[PDB]
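Structure first, commentary second.
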Amino acid sequence: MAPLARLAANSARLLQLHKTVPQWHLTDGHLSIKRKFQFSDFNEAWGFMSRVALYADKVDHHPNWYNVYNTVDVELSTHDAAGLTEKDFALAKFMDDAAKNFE
Amino acid sequence: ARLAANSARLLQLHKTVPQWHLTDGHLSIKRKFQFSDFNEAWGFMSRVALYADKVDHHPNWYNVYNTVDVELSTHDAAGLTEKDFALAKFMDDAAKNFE
Amino acid sequence: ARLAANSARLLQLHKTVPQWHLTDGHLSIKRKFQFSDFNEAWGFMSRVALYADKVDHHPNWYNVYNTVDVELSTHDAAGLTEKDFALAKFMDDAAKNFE
Amino acid sequence: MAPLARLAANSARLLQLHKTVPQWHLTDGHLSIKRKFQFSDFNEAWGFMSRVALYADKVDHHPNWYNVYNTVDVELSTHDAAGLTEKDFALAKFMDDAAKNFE
Ligand code: NA
Ligand code: NA
C-alpha cells in the first residue's frame, strides 16, 4: 500500500531517465538503481560523499550507501513508492556529476 | 597483531566497547548507530571520517538516513586488531554527543 | 523582510539566541564558538553546512583549528532577517552537543 | 621566542616551495601565504573544504579559512614558527590539488 506511485518497470519515462545515468544498473523488477563508485582513497571518497550529503538533505532524498575506504556502493529507491521515482534519478545524476570531478 | 578469537586481549578490549558485538570467528565487531535524522547521522560520520583518515583505519559502514550500520575489522589482518577497538571507542564517544 | 535596528521582532528574536551579539546598525549578529579540537569543530560545522544548504542561507564563518567565528546577515537584505536568527538557533543547538 | 625555525623571507627554499603553489600570494615579510578559492556554489566549496579538513587533521596542520557561500579565503602560517614552514606549503599544495577538481 505504498502512498506514492512508482515508475513502472520498462516504462518509457523510466528508460528516458535511465539514459541520463547510464553507469547505474537497474535491479530486478526495476525497483531500484545501483552504482559502485571507486576513488583513489578515502579522502576522495569522503569529498564525494560530502557533496552528496548536502544535496540529499536539501531535497530530503537519501542514498542507501556502503562506504569501505575508497569505494561507495550505492542503491537508490523511494520507500514510499516501493520502487523508483524521479527523485532517485535526480539523485543519481547529482552523484554522477560529483564523481566526475575525480576522473 | 591479529587478535585470536576469545583471546585475553580481545576480551579485555571488548569490555571498553560493550555495545559492539563480536561476529562469527571473532573476525569483526559490529554496532548499528541510530540518530534523530540524517543531519545528526552525518555530523557523527564527519567526526569519524576525520579520525579514520588520521589513524589510517576505516569503518565498513552503511548509512541509510538516520542509521549507520558499522562493521570493523583490519583488512590486511583477516580479523581484529587493536585499531578496530580504538576506532569503536572513538565512534562510541562521538555518538554520545547525540544522546 | 529586513529587520530594522531595535525593532520589536528583532529584539524578540535575539532573546532566542542570547549568546549572539548585535553589531553596529544591527546589520548582523556574531558568535565565536569554541570546541576542544578541530575534530569537534568540524563535526559542528558539518551539521551547520547541511542545514545551510537545505534552507539556502549561509554563515560568514572563520575557522581556526578549534574555534569558529561566525557572523550572520542576509546578503540581499543589507541587514538581518528571520533567516539569520533561525540559522543562529540551529548553530546554538548543534554546539550544545559538545558542552 | 618561537620554538620552530621559520623559512627566511626570500630564502631559496621558500622560493622553491612557492613555485609549486604559484596561485598563492606571499604576505609582507613572507610570514604567510594567502589564496582565495572560488567555486560555483556552497555545495562545491564544502566538498573542497571536506577534503582539506581530512588532510589537515591527518597532518595536524590547519588552515585559517573564511568561507562565505562559494568562496574560501585562506591564510597559512605556522604559529610555532611565527612564519612559514614546509608544512604550510604542503597544505597549500593539497588544497590546490583538491580545488583543481572543480575547474
Ligand atoms: Na530510499
Ligand atoms: Na597556522
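Residue numbers start from 1 in every chain, and the chains themselves are labelled A, B, ... in the order their sequence lines are given, proteins ahead of strands. Both ligands and their constituent atoms are indexed starting at 1 by order of listing.
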How many angstroms lie between atom NZ of A:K36 and atom NE2 of A:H25, to the nearest 0.5 angstrom?
14.0 Å
Is it the case that more than 12 heavy atoms not belonging to D:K58 sit under 6.0 Å from its NZ atom?
yes
Near-ring test A:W46/B:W42, centroid separation under 6.0 angstrom:
yes
Protein N, O or S atoms less than 3.0 Å from the Na ion (ligand 2), ignoring waters?
D:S77 O
If you measure only the distance, is there a donor-acceptor pair under 3.5 Å linking the side chains of C:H57 and C:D84?
yes
May I ask you to check whether D:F39 and D:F48 place their ring centers less than 6.0 Å from one another?
yes
Under 6.0 Å between ring centres, would you say that holds for C:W20 and C:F33?
yes
